Every structure is written in structure tokens, then in C-alpha cells.
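Just the one chain here, the form deposited in one PDB entry, laid out as C-alpha cells.
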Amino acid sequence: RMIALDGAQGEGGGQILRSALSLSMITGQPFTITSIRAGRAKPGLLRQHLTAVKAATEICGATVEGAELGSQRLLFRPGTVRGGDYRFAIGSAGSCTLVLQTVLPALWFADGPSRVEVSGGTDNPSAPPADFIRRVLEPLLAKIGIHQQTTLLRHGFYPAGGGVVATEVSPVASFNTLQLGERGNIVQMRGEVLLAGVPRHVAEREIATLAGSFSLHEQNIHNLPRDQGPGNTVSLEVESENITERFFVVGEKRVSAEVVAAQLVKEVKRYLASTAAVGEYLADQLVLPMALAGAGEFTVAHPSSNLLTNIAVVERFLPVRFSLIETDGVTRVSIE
């Protein structure tokens, strides 16, 4: 019929819109959404979100009202999803991977394989980096029966953008059940620094803090052509017996190498402080694929607003329901 969604839900960001676009394409159910990002510094559709709407529109021949920069309202009636070889340009440092994450789930069901390439930003602090998608999310997707491979082709830092990320995706043959319990013990930890036009010694300082706090099996420093923008990110990948997670921070002006790694160091100990398998962000990114599989579960410490939003949107579009039960500070998120 028509699903009316309130864009003020949760933290009131673009996440509710991207999740709705995915589920709408998949199920054929139209939706309307009002108050899109209405309370944010730059409200309504930004170029990342408009590019997401454009891509969804193009892949499924949708009928759409309000696809314009700044629009706080959208109505979307999906048509038939077509596989193919698609290319989209954000035109800003907006997140490539968030555009990808909007349309890839629709392509899981399409006729044959597809490829999607997006240009834009690649190292936004509040989006999944390509390496997170590739090394943390995609291995779990494969366990659920979903096969996609993401590759970062070029880095694009804020504000210039001009990075490129592409994903090859195939339709699901069959779903499997993935049940994540505890993190298990550490198998190893790997620290990584990216530099583009930033003094080499910064990376050195950053790696130091991580060590002496953790035992690192790897310590990696990646240098890019400064022309690829002034940019600096610090990552820590945590491989445990049951799962691999990965966390990152983006260095900025007025912040010291020691404290950026300090922020990252803090986040990692928050993750390690609990027995939960999945970190804060990965949790929200597993909701849709598990819902589409019709089964699955994971543990997370302190379910985020985005996790709860994604669950709510999934339950509006699909006949699945999630149970959330906390045991000793860890929440088990499961399909009933």
C-alpha cells in the first residue's frame, strides 16, 4: 500500500532513508519519508543521499517525488530491479560506501551479477571505510550466503573528494544461518596508518600509542600521492577466534597524532571491555542481511540508535521480528 516513515526516528540521519530504499527495492513496497535529516547542520538530502536516491531510482525504474538537494521529503515507488554495470558520481566528498550500501542489497536478488562504482569521499569518519566493508562485513555476508566484493580504487579525502570504490555482486543462491555469540579470544591485532600529504612521522607516533597498549602482529604504514589530498586515517583490526572487527579514526587539523590514536585506542578497549562479538557499527549493518535470510543472531554491547532504527524499518517492510535480550550487559539480537 504505502509505508509512511518519520525521518526524525532515532538520530534523525540518512540511515533510515538508505535502509528504506534498500527494502523498498527488494520488496516492491513503496514508501514516503518526511523530516529527512531535518535537525542536522545541513538538513535534507545532501549529495550522498541524493546520489543514493538516484542510484536506487535508476536500478529499479522507480517513480519518485522530491529527489532534489535539500529535500526533506521523498516518495518512492520502486519498479523492477535490474542487474547491470552501474556508475554514480556523488560530486562531493560524500560517502561512496553509503551509496553502495543502499543499492547492493537490491542487487543480491537480481537477474545476474552486477557491478557498482561510486565516486566521492572514501575516508569520512562516520561511514564504513572500504577496508571495513571488505575485511569485516563481507566475510560475514558470505557466511549468510551473500557474495559481494568491494575494492577501493582511489582515495578521496574531504573536501575535494574524487575517490572511487566499486563492488562486484552476485545474486544469492541460498541463505545460511549465522549465529554470532562471544568475541572469543584474540588471535591477533593489526595496526594501520594511511598518509596523504601528512608528515611521515605522524604515522610513526600513531603506531607507538597503539603498541604498548596492544600486542600487534602487524604494523602498517601506507603513503599516497599528496595530490590525493591532505588526509590521514588510523585503523586497528582486531582478529578474535570467532570474528574479526576493525575500528578507525580520521586525523584532522588541531589534533595530535598521540590523541587520535588515543581516541582509536579508547574505542577498541570499549569493544574489548565486553564479550560481545560485534562492534557498534557492524551491528547495524548485519540487521538487513540477516532479516533477508530469515534467520541469524549476534551479540553487541549497547545497541545503537541506528541498530534500533534499522530493526524498526526492517519490521515495517518484512515479515520478520527481532528479539533483543540483554544478559550481563551484552545484548543478543536475534531473528525470532
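Start at 1 with the first residue shown and count on from there. Take the two forms, superpose them, and find the largest set of C-alpha atoms that agree within 1.5 Å; that set is the rigid core.
Asks: Which is higher in the entry, the mean Cα B factor of 303-311 or that of 57-65?
Replies: Stretch with the greater average CA B-factor: 57-65.
Asks: When the C-alpha temperature factors are averaged for each of 68-76 and 217-225, which stretch ends up with the higher value in the entry?
Replies: On average, C-alpha B-factors are higher across 217-225.
Asks: For the C-alpha B-factor as written in the entry, point me to the maximum among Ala142, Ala262, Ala106, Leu153.
Replies: Max CA B-factor in the entry, restricted to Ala142, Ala262, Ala106, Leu153: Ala262.
Asks: With respect to the C-alpha temperature factors reported in the PDB entry, which of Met2, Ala8, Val330, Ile335 ranks highest?
Replies: Largest recorded C-alpha B-factor: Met2.
Asks: When the deposited Cα B-factors of this chain's modelled residues are ordered and cut into thirds, is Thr233 in the lowest, the middle or the highest one?
Replies: Tercile = highest for this residue's CA B-factor.
Asks: Just say lowest, middle or highest third for the CA B-factor of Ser174 relative to the other modelled residues in its chain.
Replies: Answer is highest: the recorded C-alpha B-factor places it there.
Asks: Ordered by C-alpha B-factor within the chain, which third holds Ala277? Give me lowest, middle or highest, please.
Replies: Ranked within chain, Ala277 CA B lands in the middle tercile.
Asks: Sorting the chain's CA B-factors, does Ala293 end up in the lowest, middle or highest third?
Replies: Its C-alpha B-factor, which the entry lists for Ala293, ranks in the middle third among residues of this chain.
Asks: Can you work out whether the C-alpha temperature factor of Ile90 puts it in the lowest, middle or highest third of the chain?
Replies: Its C-alpha B-factor belongs to the middle third of this chain's values.
Beyond the structure shown, there is the form deposited in another entry, which is absent from this document and is the topic of what follows.
Asks: Could you check whether the CA atom of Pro303 moves 2 Å or more between this form and the one not shown, using the rigid core for the fit?
Replies: Superposed on the core, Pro303 moves its C-alpha less than 2 Å between this form and the one not shown.
Asks: When the two forms are laid on each other by their rigid core, does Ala160 show a Cα shift of 2 Å or more between this form and the one not shown?
Replies: Yes, its C-alpha moves 2 Å or more.
Asks: At a 2 Å cut-off on C-alpha positions, does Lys269 qualify as shifted between this form and the one not shown after fitting the rigid core?
Replies: Comparing forms between this form and the one not shown, the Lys269 CA shifts below 2 Å.
Asks: Explain in one word, closer or farther, how the Cα atoms of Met25 and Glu11 are placed in the other entry relative to this form, where the distance changes by 3 Å or more.
Replies: The answer is closer, because the C-alphas of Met25 and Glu11 approach each other in the other entry by 3 Å or more.
Asks: What happens to the Cα distance from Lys42 to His155 in the other entry: does it get closer or farther than here, with a change of 3 angstroms or more?
Replies: It is farther: in the other entry, the C-alpha atoms of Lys42 and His155 lie at least 3 Å more apart than they do here.
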